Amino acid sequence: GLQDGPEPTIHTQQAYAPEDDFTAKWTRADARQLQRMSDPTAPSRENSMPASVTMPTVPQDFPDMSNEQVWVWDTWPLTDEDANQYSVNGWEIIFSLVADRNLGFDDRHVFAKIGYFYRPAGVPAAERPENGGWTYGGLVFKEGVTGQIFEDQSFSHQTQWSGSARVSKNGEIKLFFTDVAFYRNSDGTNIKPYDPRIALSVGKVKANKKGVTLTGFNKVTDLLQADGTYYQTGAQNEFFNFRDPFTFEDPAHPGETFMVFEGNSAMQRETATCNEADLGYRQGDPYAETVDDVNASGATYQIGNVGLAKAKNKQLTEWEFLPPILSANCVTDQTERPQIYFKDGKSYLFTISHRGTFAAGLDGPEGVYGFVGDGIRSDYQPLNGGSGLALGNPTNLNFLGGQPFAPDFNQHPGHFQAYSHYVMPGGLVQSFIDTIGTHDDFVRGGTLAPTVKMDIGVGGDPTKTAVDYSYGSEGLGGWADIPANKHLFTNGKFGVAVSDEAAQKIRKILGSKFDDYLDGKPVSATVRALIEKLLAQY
């Protein structure tokens, strides 16, 4: 089912030490598989990509998760070191980038802030309200708080961009995020390059029957900024990328904490070049390109990477950069929102990309790209025939992609239906809606899509994925469904996390005395003791 074209690069999946210098390449040969997989006969507005790596089509009539109070996009759950997703004292809690609803959706980026939502834990998606039943908790940070780390306080804009959030047994949250300062003249041009930093702020859940309040988030710690040897700086490129921290423990390195994030390869913009390994052709392939032709094409302006860092202390307040784990030199500008997902002894690196960010001569859908190997640093194999595509928006590659604010006349109306996807336990994938519709009849989202299900490692082949069209309604699950598979129960320094099954059992056994404990009511020493004993057992 492939059109003729270059063969994909041979990747070994071999693991290296996290501290080693090996950087895997998503090569031009790999990326050209995306065109081979496309159906050249697909007519106007129909999907040309294979159904197994295409997201189910989102309906244009979607609910809004915030009742249109805010625009919502990149969202993340509360996680542990294994990326399990958490409720705290009976409440699922998510963090989202939000922007005031009065803004044009495309102006959201320079006015972005982190907000949070919550909803009752343990309700199946089909039994929740249509819009997911989330309550908007408001903004995480008081005005001015995130400005604290910037030496240069003359910024014109100051935003919070994407990250992740780690929960502790005491209900504490370590919020890893991208803290960004812009320095713009009134006409929108730069005084100097913007300043995105990877940052941490600690806070805490305060929950009762009425809902969730977040406390703390008073102090921001500056963790990392682009260095210029591994990750491109503003001096190297005014519009360099550096964002989106995701932390985790690697099963192969217990007791250590790592982070991945988006960067660019550390080359001066104007002198950046690609080499034979970036091109990745098998020697002799009649479809091979020359290094000189690619370097002359403009492709050298697309040099995205995925970075790795390691924590130097238990508090996760000090980090050291490690060499990049994946580069996309002359393939894409932007390997966004990287995460590492562990399954069957493999490291899966998932990232998100736009169609328009592909380099000259390359093309692919908006959506999820992924890579598998034997270690967090490995010679990663891009998924699905070496293409890298795991979950693309429906897309006709035979027609121009257009833009989310200006759809192309001949393009699939779901081309921009989903972005900033995030892969959850069991291969569930949550994403936000950007645009759905045709050139004369489209709408912007700014709310979450239905959660979908991607099966990872089909037919015993770890390099293959397939969309589960039996999930929900022809692949579409619950709107804004970000389910917790672990449940933290915590009060006054005591805390334990339990499974779905355990949580149900505990609630049945304790009945009403548990509800009072979780409402923060006074309980007798005897009741406190029996709750803590039952929790400790599970």
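Start at 1 and count along the sequence shown; that's the residue number.
Trainee: Take the C-alpha B-factors listed in the entry for 292 to 300 and for 107 to 115, compute each mean, and give the stretch with the larger one.
Mentor: Result of the comparison: 292 to 300.
Trainee: If you average the Cα B factors in the entry, which is higher, 415 to 423 or 400 to 408?
Mentor: Between 400 to 408 and 415 to 423, it is 400 to 408.
Trainee: Pick out which of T447, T332, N208, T233 has the highest C-alpha B-factor in the PDB entry.
Mentor: Of the options given, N208 has the highest CA B-factor in the PDB entry.
Trainee: Of the choices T257, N190, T395, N237, which one's C-alpha carries the largest B-factor in the record?
Mentor: That would be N190.
Trainee: Among the chain's modelled residues, which third holds the C-alpha B-factor of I173?
Mentor: For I173, whose C-alpha B-factor we compare with every modelled residue in the chain, the answer is the middle third.
Trainee: By its CA B factor, does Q153 count among the lowest, middle or highest third of the modelled residues in the chain?
Mentor: For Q153, the deposited C-alpha B-factor lands in the highest third.
Trainee: Of the three thirds of its chain by CA temperature factor, lowest, middle or highest, which one includes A502?
Mentor: For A502, whose C-alpha B-factor we compare with every modelled residue in the chain, the answer is the highest third.
Trainee: Which third of the chain holds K142 when residues are ordered by C-alpha B factor: lowest, middle or highest?
Mentor: As the PDB entry reports it, the C-alpha B-factor of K142 lands in the highest third of its chain.
Trainee: For the chain shown, is the CA B-factor of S38 in the lowest, middle or highest third of its modelled residues?
Mentor: Answer is middle: the recorded C-alpha B-factor places it there.
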